[PDB]
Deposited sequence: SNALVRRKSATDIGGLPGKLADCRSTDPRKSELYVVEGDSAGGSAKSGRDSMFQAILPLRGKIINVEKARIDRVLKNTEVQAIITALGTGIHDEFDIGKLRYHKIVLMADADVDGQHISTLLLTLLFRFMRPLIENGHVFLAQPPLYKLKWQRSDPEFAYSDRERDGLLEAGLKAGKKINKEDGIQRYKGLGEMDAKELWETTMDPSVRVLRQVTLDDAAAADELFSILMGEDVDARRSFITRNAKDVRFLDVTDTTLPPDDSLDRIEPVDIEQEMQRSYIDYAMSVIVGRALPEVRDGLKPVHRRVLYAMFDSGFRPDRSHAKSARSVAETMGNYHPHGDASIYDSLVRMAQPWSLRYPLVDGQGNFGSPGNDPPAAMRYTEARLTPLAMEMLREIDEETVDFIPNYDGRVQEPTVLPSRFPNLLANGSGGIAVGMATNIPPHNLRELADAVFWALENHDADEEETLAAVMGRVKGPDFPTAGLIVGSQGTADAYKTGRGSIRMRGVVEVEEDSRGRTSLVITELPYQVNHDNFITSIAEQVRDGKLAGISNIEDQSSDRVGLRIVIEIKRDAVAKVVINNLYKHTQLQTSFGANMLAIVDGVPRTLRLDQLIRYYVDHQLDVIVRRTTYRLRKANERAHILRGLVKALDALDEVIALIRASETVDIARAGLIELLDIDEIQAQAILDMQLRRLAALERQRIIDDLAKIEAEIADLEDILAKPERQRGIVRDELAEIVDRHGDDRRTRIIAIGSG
């Protein structure tokens, strides 16, 4: 018998029962889900404690930081047991602690973080079987005239769909299945009937078989040893798809949930695809904008519309992250070749953030259209979106080599990518060589491409010092590239010397840079500086003026700035990309080859598509010419026919043509019987037959395929290619 809420957490919706043995606590992902849960629960014995998203990983955090965490405090207070040596099982307020997170890999992650907290801070709760996982449904199958059905697995969804269709139930396979990605999507009634009703619900009870084994696993998964974690996930993620209260071992739960999360982050969030150089968020935003018709030929659209359309139809995630991605693809200091044309305040290279998406407007850039060129000609694979309503492309055609041109930065689980941007003309040269020397071996190709791709070309210009770092990156996929800002020495009328900083290394925050100098001068770490002034403007660009003391040597001050500030920084190149669904550290030659392979695939697919469409068209045109030759009998037959169907059958017989051709004749407008229009049909047939011949020739001759790739890339480079900004010095 323990007191209930009428100094416990404010956000906690407690139960009426004082008996811990009858009382249940649902720890719920966010306040949205918390609301549904609170409204749907039996308040007699079900308590609801909503959290603020990703709770602190207590494995990595100092105990002081963990105890200061508001979410951790709330959990400890709610449970009432205390922690570690002060842990008292007798004071437990709820004998069933139910973790209820969203039916997504992030939810799984939050579960893993919570289980880590309970294991490290309150182990006896797991030992004594007080910790449960709720199993909310993944899918709601909406039938016409029949009650909706709930599926808790992809397999179950497919099974129930097939069973319902066999039973004569009508769904709508497009919008028929709703995929719950967040508990906030379920109403209180649905949540109760599926997840919270003791009569219906399924709870997975967390068990602890081997404390020592569990201890080791938690260290690997949640600890600071990145290498151990990376190795754990590589060896096990291979075969994890094979590994009412249902018992589940904590070790197995942690392994499954964490590996699911890790692989999701790696293969489908944080890292670029080698062929188009796009993270999934980027691809979805650009395709959504394309499908919405936000093309360079039309007027800028409110950023909000693009974000909303993307979010609603694809990327089933937060609006902030989608908007941020969109903003970054619009920033000319972030991307060497922006993919979004922004109108309004898209932020500063300093600490000024972008305006709200309600104020900003955006559309695709001409270059972005080259990423999406002929996407409607089966040039790439399409898959069903998260819920299966619409189709989305797996990769973009990417007629421009975006991965190397724009680079990619990303933090995955147990790994990161950091690919620098490059000059389009240099990359094109490399591609042209690879096309011409298709049969060159790896060594020859590497040598050739390294000779043409001189190094990173950052949007912020500046200097690259030395070639070693670049060479290492190109040969191994890893390298330290030294970047330097540009300093000009100016002497004033009275005889004083000033350093003018005009260019900063890539990803250096202008404001933080200035503040850092000021701090260093204050601290006495930078000497010989009398005055520092920001004279930067829209009209003149970056102009930071550092006045040197009369006794100070300019060169000495410059060297100290290189040593003690981001005026000189190193770009840690890690050329990691997804290749055939696998993360790979790649050499420069490999990256070029994978791009070339993709472009060849695109041309073959485009040509195959066009050939099929040409044949379909030619088929119709042949039918029309037959009709035109027997025009009088055709018209007479149609007029004599009682029904369209009789006419159709009569035409098939009269002209020895198929259903498709007969229909096309029936669909011919009277305007087409004009002399010129008749001639046009004849001419169109001749032209299409010529096209068919050409398309067949392209398919037959790989040299023509390579030629097409070369010519079309050359066109893009002619129109969109630009001068190198970054200067390379010895």
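Participant: Need the unmodelled segments of the deposited chain, numbered from 1, in order.
Facilitator: 1-2, 9-14, 252-265, 753-756 are the stretches of the deposited chain that have no C-alpha coordinates in the structure.
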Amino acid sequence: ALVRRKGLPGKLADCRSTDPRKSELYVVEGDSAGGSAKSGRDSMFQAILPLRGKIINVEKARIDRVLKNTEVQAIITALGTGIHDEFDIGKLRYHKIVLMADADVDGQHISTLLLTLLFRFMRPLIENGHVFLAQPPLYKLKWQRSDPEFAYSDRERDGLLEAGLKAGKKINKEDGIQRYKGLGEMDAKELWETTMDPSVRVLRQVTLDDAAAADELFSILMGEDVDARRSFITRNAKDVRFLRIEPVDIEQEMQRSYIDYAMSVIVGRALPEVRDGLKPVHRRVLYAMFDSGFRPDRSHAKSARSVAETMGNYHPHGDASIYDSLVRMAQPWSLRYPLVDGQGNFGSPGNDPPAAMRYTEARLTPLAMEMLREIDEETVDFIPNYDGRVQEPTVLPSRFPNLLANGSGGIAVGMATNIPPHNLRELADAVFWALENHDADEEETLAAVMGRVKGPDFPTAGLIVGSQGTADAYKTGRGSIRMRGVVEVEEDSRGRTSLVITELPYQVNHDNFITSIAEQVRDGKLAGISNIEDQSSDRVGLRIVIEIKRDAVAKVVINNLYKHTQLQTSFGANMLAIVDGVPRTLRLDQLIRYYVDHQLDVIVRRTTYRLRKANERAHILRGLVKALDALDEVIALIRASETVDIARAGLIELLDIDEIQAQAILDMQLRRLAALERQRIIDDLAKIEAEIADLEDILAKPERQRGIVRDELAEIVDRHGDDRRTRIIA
From here on, numbers count along this sequence of modelled residues.
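Participant: Which is higher in the entry, the mean Cα B factor of 41-49 or that of 667-675?
Facilitator: It is 667-675 that shows the higher mean C-alpha B-factor.
Participant: Looking at the deposited entry, does 274-282 or 177-185 carry the larger mean Cα B-factor?
Facilitator: That would be 177-185.
Participant: From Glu309, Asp341, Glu392, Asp85, can you pick the one with the highest C-alpha B factor in the entry?
Facilitator: Spelled out: the listed residue with the top C-alpha B-factor is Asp85.
Participant: Tell me which of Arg269, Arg587, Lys169, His317 tops the list for C-alpha B factor in the record.
Facilitator: Of the candidates given, the C-alpha B-factor peaks at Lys169.
Participant: Going by the CA temperature factor in the PDB record, which third of the chain does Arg725 belong to: lowest, middle or highest?
Facilitator: For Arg725, whose C-alpha B-factor we compare with every modelled residue in the chain, the answer is the lowest third.
Participant: How does the C-alpha B factor of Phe132 compare with the rest of the chain: lowest, middle or highest third?
Facilitator: Highest third, going by the recorded CA B-factors of the chain.
Participant: Please place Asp656 in the lowest, middle or highest third of its chain according to the CA B-factor in the PDB entry.
Facilitator: Its C-alpha B-factor belongs to the highest third of this chain's values.
Participant: Lowest, middle or highest third of the chain for the C-alpha temperature factor of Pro247?
Facilitator: Its C-alpha B-factor belongs to the highest third of this chain's values.
Participant: Which third, lowest, middle or highest, does the C-alpha temperature factor of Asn402 belong to within its own chain?
Facilitator: Ranked within chain, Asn402 CA B lands in the lowest tercile.
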